[PDB]
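Below you'll find the structure, written out as structure tokens, and then a few comments.
All Cβ positions, even for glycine, are placed from backbone atoms using ideal geometry, and neighbour counts span all protein chains on display. What is reported rests on the model, the rules as stated and the sources as named; none is laboratory data.
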Amino acid sequence: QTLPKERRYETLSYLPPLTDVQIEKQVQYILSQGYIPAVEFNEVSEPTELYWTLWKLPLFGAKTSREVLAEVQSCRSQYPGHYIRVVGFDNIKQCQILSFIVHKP
Amino acid sequence: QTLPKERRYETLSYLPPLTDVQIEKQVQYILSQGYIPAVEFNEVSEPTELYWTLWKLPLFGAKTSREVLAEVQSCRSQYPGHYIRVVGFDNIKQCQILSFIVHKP
Amino acid sequence: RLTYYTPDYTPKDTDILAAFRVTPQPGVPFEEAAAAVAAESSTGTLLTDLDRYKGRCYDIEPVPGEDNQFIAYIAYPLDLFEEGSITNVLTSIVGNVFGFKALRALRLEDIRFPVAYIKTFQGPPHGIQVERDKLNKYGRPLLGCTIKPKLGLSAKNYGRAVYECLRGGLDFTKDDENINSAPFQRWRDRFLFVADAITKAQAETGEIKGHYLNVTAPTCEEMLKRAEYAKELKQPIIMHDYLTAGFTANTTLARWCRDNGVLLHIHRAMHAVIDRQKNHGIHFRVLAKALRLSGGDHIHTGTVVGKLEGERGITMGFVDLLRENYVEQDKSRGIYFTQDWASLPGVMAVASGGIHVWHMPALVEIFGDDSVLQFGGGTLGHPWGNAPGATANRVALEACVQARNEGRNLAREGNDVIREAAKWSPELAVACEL
Amino acid sequence: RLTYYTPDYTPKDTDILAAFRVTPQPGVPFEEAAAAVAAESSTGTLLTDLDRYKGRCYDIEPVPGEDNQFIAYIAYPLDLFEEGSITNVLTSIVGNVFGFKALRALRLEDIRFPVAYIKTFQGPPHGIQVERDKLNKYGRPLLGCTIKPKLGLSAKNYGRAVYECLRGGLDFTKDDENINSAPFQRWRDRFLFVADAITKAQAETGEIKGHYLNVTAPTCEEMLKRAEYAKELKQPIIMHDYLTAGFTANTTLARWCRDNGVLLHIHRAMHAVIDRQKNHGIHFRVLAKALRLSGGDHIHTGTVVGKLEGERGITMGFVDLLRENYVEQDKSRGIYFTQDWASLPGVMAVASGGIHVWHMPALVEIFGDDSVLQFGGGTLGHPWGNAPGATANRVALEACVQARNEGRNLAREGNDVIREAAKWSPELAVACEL
Amino acid sequence: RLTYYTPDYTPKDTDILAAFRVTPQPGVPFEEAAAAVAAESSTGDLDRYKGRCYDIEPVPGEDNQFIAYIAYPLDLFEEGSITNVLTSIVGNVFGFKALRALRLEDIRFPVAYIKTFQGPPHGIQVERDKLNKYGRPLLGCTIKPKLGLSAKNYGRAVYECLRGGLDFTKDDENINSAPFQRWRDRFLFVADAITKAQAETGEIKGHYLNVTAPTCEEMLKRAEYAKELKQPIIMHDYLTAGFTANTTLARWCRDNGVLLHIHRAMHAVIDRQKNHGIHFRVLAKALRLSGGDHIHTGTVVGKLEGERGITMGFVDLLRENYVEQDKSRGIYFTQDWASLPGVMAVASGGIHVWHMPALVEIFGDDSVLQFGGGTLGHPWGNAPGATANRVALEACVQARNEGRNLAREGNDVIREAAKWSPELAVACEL
């Protein structure tokens, strides 16, 4: 048996396609470390192309609640043909704590 | 009479399209010299693109037996739209002893 | 002597402290050997002022559980050493003092480069943060094969084993220690047939794949023409064996990679000559701090899985020294001096033991996000080749990254997430048994 | 004299042996002329030590069947010659010794560069293996036209005859001896209108086509600005007439092509001044070994088809010297010294006689896979042009490559596979008669 | 074929004539091989770019051999490249199979093609102006032993020869650099032996520092170092290193004021045989068109009338501006050098004290005389052995500057200089 030529995308791509319960349980790691999470959309996932466009904000309303999870489904209804992400942000270390695709075209 | 603009591919391309008996008799040169035969597949045959993807393993029959085209027919049923090769390998001289296309899309 | 043993000397915030592990010859008392390791690393045994440039031992602290051994904390001043020269730290401190004959063994355990002296260096070319920003790889420890077999592979067969590993989710791929150039495989051709195999595997799967091209070379001219060629193949990363090639060639390539945007993978070849014996040599947390001050975005910190609690607290000691901004003095965890790095960029800590699939719970729990996990060093590959062998080493990563990011204690619930990821991956299920 | 004739001297594994073919003047005995060819190539006729730097004849071995001729094996030491200088081998060995007047003719047959002295050289820029890995052309002898007419063609009409040959399956295409630059065809324009004709024929048919751009030039500055331009057209291969331009300019371009990834086609122009007479000069297996030590990935070894059994055993002697790692002492096959090349890369052996379609059984059987087959030198082209003329020279290749890889003895079953490939190729059937 | 033998082609003044010495196979007629030595040295248009034969002239005194005058056009060849003349003319013509032995005797570079070249860096006149050495043939030791001498003991033997009135001192062929003597240290301890031997005796002393190297980068950094020792002259083995490295070094030595001593190492692979090869009068023209302020022309003393007619044949070709077509002296074409600078003719055989009357008469002022070639040294060393070769030089130049016939009154002027010189009187016999 072999390995197929399959294009893979980001830091959780070598998995089954992430359902909604998992992403609710995924962002609950992001915002529980004091981090501000976000949603980033893009047309293609290119190695050259290293910015993806931020969706409305790095949204945040409280210490821990459903913030991102409702906003992704609003972006699935807005952009059903863009690579949607969920990214974290740290401000002390000043890099992203996650970057993974929740939705593909 | 002229020469047509025909794109040709590799080291046995200027021939009739190689049938199955010929390739079995072709690999019987490869493995009889103690060499390691293999199968390599690719989407396009580009001069820039100088690697083709190794199918499963660099195969070997016992000292001489038919495991190569028998697997190519499994790769013709797996990938009927890729440029399939059969390549040899030497370990002493350390280069390929053949590189020729058995199957085109 | 005993003018170099000032036990009341509270060391300044700009001294360059050093904690030796002196094992003196018998009859030599502890203060007089600790004044001696402060002697012949300065102001050896008036024409100047002695009291301004002398190394001063300021504390003894006998090692618990073992007589004839102590930890001579030496306090070298700032203006003894060169701005920006980590080969003048070692020429001053471990230069003339280990072969001192009143000592049976002398081990430089730790060293405190002050904030005043860290700022003369460059740090890494790119930190943890800027390395992840260049590679666009966030929130996971990165990966690597090591191309087996080492010797004998021609440069294209070498790049086919690189392209095969770099398809299946692997981030990096290491070039070996004993591969710089050799009559079967020259570097100009090894770098060429690896750039043709990165841009095939980077264009196939859209991640920024890289390869630690070995620019360790006989001369510093041949090193920089070996790195300027990996710049002109647009390679993201080179590597360099920094203890065979030294700290003058490393700091040359530090300054080069910062001025050319190439990541630098520092490999700790010939490290075990000097950090492996527990009584004599230079502990690697000196040599870890020494290349965080010179270049390197990655350094091999070995492994954790084959070591005890005390031998991995010391290994997680110097992983924090090269990766965290401020590290508190904790001697059970190995660190002797509190070390402010003054916002110097971090270095990745690379895990490169004899490790495989079943160690992804361990090395994502121990080494955090800010790490690289090599493979293929001791473990015997994979039955289906390299590209199913690398996808086994990548699905087992992101299963253990997903598990860690859901509260699942990988110390206890770690072997569950390997087994429940081997179901959804056929490449990992055949790697699940060996 | 007879202090330079030490017949008991077992030569060391680090001596630089040399086997002359001395034809002495009459009355000069054999030992005293063989001590003399060991004399004036060293230590000429107590200020130093003689016995450490002297050339020593150590065996005579009279040539069978011809009196007044013998094979003086001279044993020069290692530390007489320069590291890396094949123009100091010839200045030492064949420098001052052929014009010696006690000798009617003197022929340097063979020479044994030891493993100690091969390692100072570079070898070829790219071997057999790395040349095939750069060109991605495995398991067949490669090809070449030669653009006729030599003289008169403007640089674009020259590149149209290149593009026409490079369509029909031809791998390379040779630029001529007497074309470097000339008022009808400058090199800057010849290289430009050939790069525009390679990248048309390489993009059309997906093989890495090349052209032996002639960088032989008046000065070494004008040579390297002629090769650095073929580097910046991204050309795979240049060529160089190494005996007119010498071994200082060849070793300059050796070191350049290794440091720039260009293949080097060494052409043996002006070779027949010195290797063609059977009694005097420098046999080409010296000049074959001399450019395997300096640069070249290809060298013309002429042809086999017009020569006897004894005249092709000698030609397959020096084909093995420049292409195989270890070659045993076989004097019927021409080689006088066993030659370990110490894993130095091979050189292609190029076949460039007056050869055509019907010689593809012969030159794939004699010259193996590791070869290049030129064409168009003596034979009168093709009636349908160059692109059906090159497809005739390529279908006849891969018929004879397919036949050799199926057990079919091309010595006996060779003319069958030309005739049964002329059926499936209309371009070859019209070339089947002349 | 037989369109390459055009016997009515009176050759143009811009052609590049070449006079081969064909020895064809038995059965090959002379018109067909002469059209064939003109064939594969071209075009293997045709009316404008073929090398064509225009005369046969069989060798007198010998059958089965002739002198095929080939007339190559000018625009076939590269402006300023003598490695394209030898690639074009003698590239693929000596290996032609219907020829038992093919020898390039002479060649005529026209005025049209000599002007593309540089010529020597410095001529006879410009070299002697730089050295301030007038009206006498110059001198030379060759430092014996060749090998073994460390860089200072080599320099001490250079200082010892150059004290005794010797003008130059040659570095050997096989001394480029070697683990007993590196060039950086040979050049240092020689330039420290010249500034002592030039300060002792005020004459401009020089040493032919061997810059022959493996690469052209290692040759110019070996010559840029002899420039920055303020050395007057370097040397270059010009046939092992080739005509691309000489023309690289010619263009350098003209553009850095260094004289160039071209050594004819490996010359006798390609001209010792009288029927096959490239005769040295081609190779002497070939390095006058690349650079050289000196060239070894061997010796005259061990040669008969014909073998020194030929030796004085190319000595005039590399030193005189215009040389008439004189086939008995060996020169096959009238060569107009178009005011190109001359090259010295360096006599270097087994010559000694007593050959000074001949070699001031045979080789004129415009010559260099090397010593130590075959002779068994001097019994008192180097500095007497060079003063012997300098008194016996200037005793022969004194007699030549007084009208004394040095063919007959030559042995007298050595013996009447052995009285007023003690170092000469012991080299007077051995």
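Residues in the stretch C:406-423 that are closer than 15 Å to C:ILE366 by Cβ and hydrophobic (A, V, I, L, M, F, W, C) were compared, and the one that is surrounded by the fewest Cβ atoms within 10 Å (Cβ to Cβ) is C:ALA411.
Just one of (1) within 14 Å of chain D (Cβ to nearest Cβ); (2) assigned to a helix (DSSP H, G or I); (3) out of contact with any helix residue (DSSP H, G or I) (no Cβ under 8 Å at 6 or more places or on another chain) fails for E:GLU160. It is (3).
Restricting attention to the stretch E:338-358, the residues that are assigned to a helix (DSSP H, G or I) and among the hydrophobic types (A, V, I, L, M, F, W, C) total 3.
In the stretch D:365-397, of all residues being among the β-branched types (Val, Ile, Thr) and surrounded by fewer than 24 Cβ atoms within 10 Å (Cβ to Cβ), the one that is nearest to the other protein chains (Cβ to nearest Cβ) corresponds to D:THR379. None of C:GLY55, C:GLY27, C:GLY65, C:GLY44 is under 22 Å from C:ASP340 (Cα atoms) and not hydrophobic (A, V, I, L, M, F, W, C) except C:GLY55. Here the stretch E:262-318 is the region considered, the condition is being acidic (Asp, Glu) and in contact with a helix residue (DSSP H, G or I) (Cβ under 8 Å, 6 or more places away or on another chain), and the residue that is nearest to the other protein chains (Cβ to nearest Cβ) is E:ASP271. What do you reckon, is C:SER425 polar (S, T, N, Q) and away from chain A (no Cβ under 13 Å)? Answer is no for this residue. Of the residues making up the stretch E:18-42, those that are more than 28 Å from the chain's Cα centre (by Cα), surrounded by fewer than 24 Cβ atoms within 10 Å (Cβ to Cβ) and not in a helix (DSSP H, G or I) are E:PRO24, E:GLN25, E:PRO26, E:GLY27, E:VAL28, E:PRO29, E:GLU40.
Exactly one residue out of E:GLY306, E:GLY298, E:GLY350 is closer than 18 Å to E:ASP171 by Cα, surrounded by fewer than 21 Cβ atoms within 10 Å (Cβ to Cβ) and not charged (D, E, K, R): that is E:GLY350. Residues of the stretch E:86-101 that are in contact with an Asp or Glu (Cβ under 8 Å, 6 or more places away or on another chain) and either farther than 22 Å from E:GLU32 by Cβ or within 7 Å of another protein chain (Cβ to nearest Cβ) (or both): E:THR87, E:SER88, E:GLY91, E:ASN92.
Scanning the stretch D:166-191 for residues that are facing another protein chain (nearest Cβ under 7 Å) and of a type in the set (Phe, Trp, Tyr) yields a single hit, D:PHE184. Can you pull out the residues in the stretch D:214-243 that are at the interface with another protein chain (Cβ under 7 Å from one of its Cβ atoms), surrounded by 21 or more Cβ atoms within 10 Å (Cβ to Cβ) and of a type in the set (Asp, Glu)? Matches in the stretch D:214-243: D:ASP241 only. Across the stretch A:85-105, the qualifying residues are those that are surrounded by 15 or more Cβ atoms within 10 Å (Cβ to Cβ) and over 23 Å from C:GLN129 (Cα atoms), and the one among them that is nearest to the chain's Cα centre (by Cα) is A:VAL102. Within the stretch A:19-46, the residues that satisfy the criterion of being surrounded by 18 or more Cβ atoms within 10 Å (Cβ to Cβ), touching a strand residue (DSSP E or B) at 6+ places or on another chain (Cβ under 8 Å) and at the interface with chain C (Cβ under 10 Å from one of its Cβ atoms) are A:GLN26, A:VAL27, A:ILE30, A:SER45.
Among the residues of the stretch B:47-66, the ones that are within 14 Å of chain A (Cβ to nearest Cβ) and of a type in the set (A, V, I, L, M) come to 3 in all. In the set C:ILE111, C:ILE118, only one residue is within 23 Å of the chain's Cα centre (by Cα), farther than 22 Å from A:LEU50 by Cα and buried (at least 24 other Cβ atoms within 10 Å of the Cβ); that residue is C:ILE111.
Considering the conditions (1) away from chain E (no Cβ under 14 Å); (2) among the hydrophobic types (A, V, I, L, M, F, W, C); (3) in a loop (DSSP other than H, G, I, E, B), D:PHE121 is excluded by exactly one of them, (1).
Taking the criterion of being in a helix (DSSP H, G or I), over 12 Å from the mean Cα position of the chain (by Cα) and assigned by CATH to the domain that holds E:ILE175, would at least one residue in the stretch E:254-270 satisfy it? The answer is yes, given that some residue of the stretch E:254-270 is in a helix (DSSP H, G or I), over 12 Å from the mean Cα position of the chain (by Cα) and assigned by CATH to the domain that holds E:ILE175. Only one of the numbered conditions (1) within 14 Å of chain E (Cβ to nearest Cβ); (2) more than 28 Å from D:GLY385 (Cα to Cα) is violated by D:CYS145, and that is (2).
Scanning the stretch C:62-80 for residues that are closer than 21 Å to C:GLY44 by Cα and out of contact with any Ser or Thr (no Cβ under 6 Å at 6 or more places or on another chain) returns C:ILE71, C:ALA72, C:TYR73, C:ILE74, C:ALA75, C:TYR76, C:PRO77, C:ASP79, C:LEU80. Select from the stretch D:63-75 the residues that are surrounded by 24 or more Cβ atoms within 10 Å (Cβ to Cβ) and in contact with a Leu (Cβ under 8 Å, 6 or more places away or on another chain) and write down the one among them that is farthest from the other protein chains (Cβ to nearest Cβ). The extreme case among them is D:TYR73.
Does A:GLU10 satisfy the criteria of being surrounded by 13 or more Cβ atoms within 10 Å (Cβ to Cβ) and more than 8 Å from chain C (Cβ to nearest Cβ)? No, not satisfied. Residue count for the stretch B:67-101 satisfying the condition of being within 23 Å of B:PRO47 (Cα to Cα), away from chain D (no Cβ under 14 Å), touching a strand residue (DSSP E or B) at 6+ places or on another chain (Cβ under 6 Å) and not hydrophobic (A, V, I, L, M, F, W, C): 2. One residue stands out in the stretch C:196-213 among those that are of a type in the set (A, V, I, L, M) and surrounded by fewer than 20 Cβ atoms within 10 Å (Cβ to Cβ): the one that is nearest to the other protein chains (Cβ to nearest Cβ), namely C:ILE208. Among the residues of the stretch D:309-330, those that are crowded, with 17+ Cβ neighbours inside 10 Å and part of a loop (DSSP other than H, G, I, E, B) comprise D:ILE314, D:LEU322, D:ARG323. Restricting the stretch E:36-76 to residues that are touching a strand residue (DSSP E or B) at 6+ places or on another chain (Cβ under 8 Å) and of a type in the set (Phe, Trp, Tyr), the residue that is nearest to D:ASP175 (Cα to Cα) is E:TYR72. For the stretch E:147-195, the set of residues classified as within 28 Å of E:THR240 (Cα to Cα), basic (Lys, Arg) and surrounded by fewer than 21 Cβ atoms within 10 Å (Cβ to Cβ) consists of E:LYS152, E:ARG182, E:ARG184, listed by residue number.
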